[PDB]
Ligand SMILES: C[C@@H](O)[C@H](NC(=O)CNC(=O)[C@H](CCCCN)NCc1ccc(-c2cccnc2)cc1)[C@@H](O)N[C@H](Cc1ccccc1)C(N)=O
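Only one chain is included here, represented as structure tokens and corresponding to the form solved without this ligand.
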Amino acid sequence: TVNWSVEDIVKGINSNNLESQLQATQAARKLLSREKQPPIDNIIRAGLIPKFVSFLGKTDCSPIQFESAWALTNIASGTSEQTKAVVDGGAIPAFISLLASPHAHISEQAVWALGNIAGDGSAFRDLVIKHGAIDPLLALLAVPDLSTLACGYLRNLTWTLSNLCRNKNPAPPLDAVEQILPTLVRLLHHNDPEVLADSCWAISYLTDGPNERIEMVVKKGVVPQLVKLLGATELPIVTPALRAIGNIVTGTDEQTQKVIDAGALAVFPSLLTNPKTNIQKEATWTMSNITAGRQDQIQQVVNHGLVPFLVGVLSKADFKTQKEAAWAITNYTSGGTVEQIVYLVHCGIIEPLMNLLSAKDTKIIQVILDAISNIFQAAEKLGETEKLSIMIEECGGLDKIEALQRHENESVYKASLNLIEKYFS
């Protein structure tokens, strides 16, 4: 069954000889399993999808159920239009029936296929849910100890469940999320790195929304487990764990407080110096949404020694990380006490702030000018605006602020002149 032509597959499948159909279907599976350019469109245009879908229901020929399930899985892994052709052929209810198959390799293929269909977008995700996929999927995980399940089997179930949690506009149905969450929490405590990664991705999707969505996750008590996974050595685990933590601190201050209470701030010395750029960027973004909170939360950032790390990323990092650092500083100076803002200057924030006014990015200039104003406002309540003016001048910041009076964007130049007439005049 190696390297048949599509025409040969068609004559086999049209033969109405079940065994001839099995061999042609396996031939199609092997075509669709090759690395270089699987002929997905040729298979579709040959009209084979409804035949494959019909084969999913031949319970007394389990080999042709498996071969057609595999074939349809790989078609559904193509373009949106190729996934649509699988759905258009009636595959969703047929694959859901296959979840009850006594053959583990067959139900696994059905899990995989539905994951591909749900992974196309929110419409097919919700259609898979409407056909009732969740109950049979969760039933496959109703065992006392996940460790007794096959590793590949468990990984495929976790990945498909995460695709049912994925996408916005709209987010998944509330009652579907509530139904899935207890099983997700259990997978989040499993000891397989790939299960953990996909579990964290699912939690990161569920927390990417309004505070009500975040609350649903937070009240399951997963935040301490997320913080532990924040410290993992596997980058495929840290990345979604950090994204989930970052999403949660976009919620309320009380939701942010649970992240702090769980000990997340102690991981950020590593995260803010992490060699992977996106980790540094996402860690600094998370910090910016913590320095936007209450003064007692800003104080936790101070107590954990994280201000020097913010000075560090501002001083040298990828520019997108530096922009998140600028936001973190403006949020800090906006909501912080005078004492906290003083500490920021004592840690050396002024010079790397001034250097970033050189940047070809209009909004980071806006962000930095805001922070300078907030620091000056704290300096006036101390009568120490002259000392700050000297500092800003000594490091070349005044030269840059006055150059930005010449700036194209409107409130860049207005803000830069207000600074100079109020503090440097």
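Numbers follow the displayed sequence, beginning with 1.
There is another form of this protein, the form deposited with this ligand bound, and it is not shown here; the text below is about that form.
Enquirer: How would the site be scored, open or blocked, if this ligand were superimposed onto this chain using its pose in the deposited bound form (blocked means 3 or more ligand atoms within 2.4 Å of backbone or C-beta)?
Expert: Open: no clashes with backbone or C-beta.
Enquirer: So this ligand isn't shown here. In the deposited bound form, which residue out of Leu265, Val87, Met354, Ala292 has a non-hydrogen atom within 4.5 Å of it?
Expert: Of the listed residues, the single hit is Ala292.
Enquirer: Using a 4.5 Å cut on heavy atoms, which of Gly312, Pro240, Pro136, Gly251 is close to this ligand in the deposited bound form?
Expert: Checked against the cut-off, the match is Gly251.
Enquirer: In the deposited bound form, is there a heavy atom of this ligand that lies within 4.5 Å of any heavy atom of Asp126, even though the partner is absent here?
Expert: Output for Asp126 is no: heavy atoms all beyond 4.5 Å of this ligand.
Enquirer: Please check if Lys258 has a heavy atom lying within 4.5 Å of any heavy atom of this ligand in the deposited bound form.
Expert: No, no contact at 4.5 Å.
Enquirer: Just to confirm, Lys281 within 4.5 Å of this ligand in the deposited bound form by heavy atoms?
Expert: Looking in the deposited bound form, residue contacts with this ligand include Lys281, since a heavy atom lies within 4.5 Å.
Enquirer: Given that the partner is absent here, does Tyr343 sit within 4.5 Å of this ligand in the deposited bound form, heavy atoms only?
Expert: No - in the deposited bound form, heavy atoms of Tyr343 and this ligand never come within 4.5 Å of each other.
Enquirer: Any idea which of 178-186, 90-98, 243-251, 215-223 reaches within 4.5 Å of this ligand in the deposited bound form, heavy atoms considered?
Expert: Careful reading of the contacts points to 243-251.
Enquirer: Flag this candidate site as yes only if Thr385, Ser389 and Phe424 all have a heavy atom within 4.5 Å of this ligand in the deposited bound form; otherwise mark no.
Expert: Not one of the three qualifies.
Enquirer: In the deposited bound form, which residues of 297-333 put a heavy atom within 4.5 Å of this ligand?
Expert: Heavy-atom contacts to this ligand in the deposited bound form: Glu324, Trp327, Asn331.
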